[PDB]
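Read the single chain below, which is given as structure tokens and is the form deposited in one PDB entry.
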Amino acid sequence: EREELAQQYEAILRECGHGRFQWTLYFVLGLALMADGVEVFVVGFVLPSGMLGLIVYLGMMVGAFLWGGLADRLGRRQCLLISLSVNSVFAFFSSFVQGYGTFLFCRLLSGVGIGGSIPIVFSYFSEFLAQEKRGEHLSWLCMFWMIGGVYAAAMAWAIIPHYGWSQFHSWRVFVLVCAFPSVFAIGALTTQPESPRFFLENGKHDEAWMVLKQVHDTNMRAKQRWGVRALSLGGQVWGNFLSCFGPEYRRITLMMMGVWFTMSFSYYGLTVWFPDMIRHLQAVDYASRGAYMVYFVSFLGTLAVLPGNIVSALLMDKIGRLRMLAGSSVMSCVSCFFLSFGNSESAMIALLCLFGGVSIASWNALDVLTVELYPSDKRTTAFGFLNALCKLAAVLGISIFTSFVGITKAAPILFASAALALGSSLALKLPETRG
């Protein structure tokens, strides 16, 4: 069967152990995730400078599902290469455009390219990690999203600190420097093999043996008519997506959808309500008598997330994944309640940092759970579907929370708190990755 092969694969991985190969691949996929973080920041904060920049999220969901589904039939390295190439190509194109139409079309296609970054990188990394400590290592890899977010925030604060709302223009230079991480990720990933789990599942056992030999050698330095092809490939992708909701994985997938949607909705609503709330406070304080404030707030908020991820990774395996996920979701809800006490910009930044640092642990734990609960034959399909669900949640939360801006700080707080409470409730029902 396929369960007995998993035990053999885990035995080979454990016998080899961690080493150079895993860390090199860790940095490669870290660059790949840095690209995704950069694009998320760019869409969330830079593109509006109005509401029509959400097209990039709406394309990120499509790309996430498409690349996740394809990665099971074609490969994690090949499909990640294709997706990162699309993202880099269109991010590079965006710089030379001369209007918002072409600019947003290029950003939409680059978002389609980068949508499948997270699913494929997480499945691809988890397929090289032994069960002994893969939670801590996936949590370590989660850091690179924060690195990319802070990188983009710093480059925006340094390059274009002024609004477009009243390579030559500063924003074009910012665009291409933000595209750089994708190019570095592609260049790094071209030097990596293909995950042997995918080869073994497809039937290329000899290629899986070659990949495992490469891993061991690297670690040893330590211690129309023809259109039926596309039609059938899409058919396999659809069949895997439908099997994710089969007699088994239906309850698991529904719980995963609920928790992922709650987390993403809350986070993406709040991180767009925070700079807007601070800016409205500044406006009313100047009335009590240009854009680099948003980028500085984003830089601080995404930088504050990194200590939380340091603590999460070191404690992911010592404590667990259900315990971490629950103790992070309820703490995120509590911090959403605390958001009321942020009655001034000074406190608003501190509460934003607190919320991010508290919440990163639930995302780490849920990554590990979603890669440990789905077999390799549907890991990337389900992960890409849930990433598309998260992007839709991000669009919905951004829209709602930006509609709340300047009216009341209790509606965003209660929306996020209810979302996180429902997410924590559904997370408590998630089965332990063990079963």
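From 1 onward, residues are counted along the sequence shown. Between two forms, the rigid core is the largest collection of C-alphas that superpose within 1.5 Å.
Here the subject shifts to the form deposited in another entry, a form of this protein not shown in this document.
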property: Core-fitted Cα difference of 2 Å or more between this form and the one not shown, single residue among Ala130, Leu176, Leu212, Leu281; result: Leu281
property: C-alpha of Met146 moved at least 2 Å between this form and the one not shown on rigid core; result: no
property: Threshold 2 Å Cα movement between this form and the one not shown for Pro196, core superposed; result: no
property: Core superposition between this form and the one not shown, C-alpha change of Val112 at least 2 Å; result: no
property: Note on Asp317-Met146 C-alpha separation in the other entry, which departs from the shown form by 3 angstroms or more; result: closer
property: Outcome for the Cα pair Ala382, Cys333 in the other entry, compared with this form (closer or farther; change of 3 Å or more); result: farther
